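So here's one chain in two forms, each on its own in structure tokens, numbered structure 1 and structure 2.
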Structure 1
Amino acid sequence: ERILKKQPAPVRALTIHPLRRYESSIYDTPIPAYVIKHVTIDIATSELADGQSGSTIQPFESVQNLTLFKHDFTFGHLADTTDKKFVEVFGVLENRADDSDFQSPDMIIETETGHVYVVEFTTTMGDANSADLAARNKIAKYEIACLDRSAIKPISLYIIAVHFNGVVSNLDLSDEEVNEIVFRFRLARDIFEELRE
């Protein structure tokens, strides 16, 4: 029996924390070798020093999944790929299903206190300004569904947008957390360019 579910109700509203720009600080860090075979990927995680950026990378990968490989690999240490829909957490609104019910952000996290956290990941091959635009596009994509459902349980909407030299996010990230996202993105780009052949 979970006593945190017995609290007075929180304000039912949508919270969006402000987007911040983060720069990576990877510097001259070893990047693991990879071997691609017809795909399977063996990543030489033995080459990394204990605790350096990249410690979340697993040595073996299997890859219909090629188009989203860069996205899924970059954020794989934070969330596995999902098809969890708004409707699985909230049910339909106004007694009629619509397109918003079947949107699927990267994460929908429910807490005992009754808040819901919606998290969306995205990438860009451009610069930091491109990453900010990508983050704002994902806010635009999910803001209507999150606002409407905040009437049921309060929602906070979080975005992580990665580029080659940093992250735009409204999470409060450490240098090491920024570096892990960027490090994985850079490696995913290297692998993807060879996979596309």
Structure 2
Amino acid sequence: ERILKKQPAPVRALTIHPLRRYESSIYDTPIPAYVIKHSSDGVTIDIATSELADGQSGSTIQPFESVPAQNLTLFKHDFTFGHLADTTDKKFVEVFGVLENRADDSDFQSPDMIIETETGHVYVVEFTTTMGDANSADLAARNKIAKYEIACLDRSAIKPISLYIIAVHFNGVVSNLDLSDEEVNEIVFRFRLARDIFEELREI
């Protein structure tokens, strides 16, 4: 029995912390070689993690990164943020039930994460990437906010919601999380490697 579930009710509202621009500081860091291995189910990326220095950026990458067939088209997105979410996409209805007397499209939207805490707070997290610059990253983040703001606001009448975004570009991150330099660098480092592996997968 969990006592933190027995607290008075929090304010039921939508909270959005402001977006901030972060710059990567990956200053000439080893990037691991890779070989794309044919598998029964999708591919497995054989990545030479032994080439990396202990604790350098990229230390969250696994020696063998499985990419099942069903996750292939979102590889760039999912490899980039794979150290933060095992998987992505959870439907609103799975956490809130149907909002109104009748279901509608907002019940079946699925941001990359919907996290419910014992204290009764819900965190909605959306990841996105861009091949553009920091200005393109800020625009992609604002587009994800606009995509989910209505569903979050309506469901905030049930449990309070905080909506977080991470948008990655080649040289940094736009996010309303409060990220360290090392956390920014991990996201960017994985995105940069993901871009490389993608140029190969698309040719194959």
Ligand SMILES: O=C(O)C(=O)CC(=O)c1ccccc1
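In this text, the rigid core denotes the largest set of C-alpha atoms whose superposition between the two forms falls within 1.5 Å. Sequence positions of structure 1, starting at 1, serve as the residue numbers.
Undergrad: Just checking, which of these two is the form solved in complex with this ligand?
TA: Form solved in complex with this ligand: structure 2.
Undergrad: Core superposed first: is there a CA shift of 2 Å or greater at residue 111 between structure 1 and structure 2?
TA: No: residue 111 shifts by under 2 Å between structure 1 and structure 2.
Undergrad: Determine, in Å, the CA shift of residue 83 between structure 1 and structure 2 after the rigid core is used for superposition.
TA: A shift of 3.8 Å at the C-alpha.
Undergrad: Quick one: CA shift at residue 95 between structure 1 and structure 2, core fit, Å?
TA: Displacement of the alpha carbon, after core fit: 1.6 Å.
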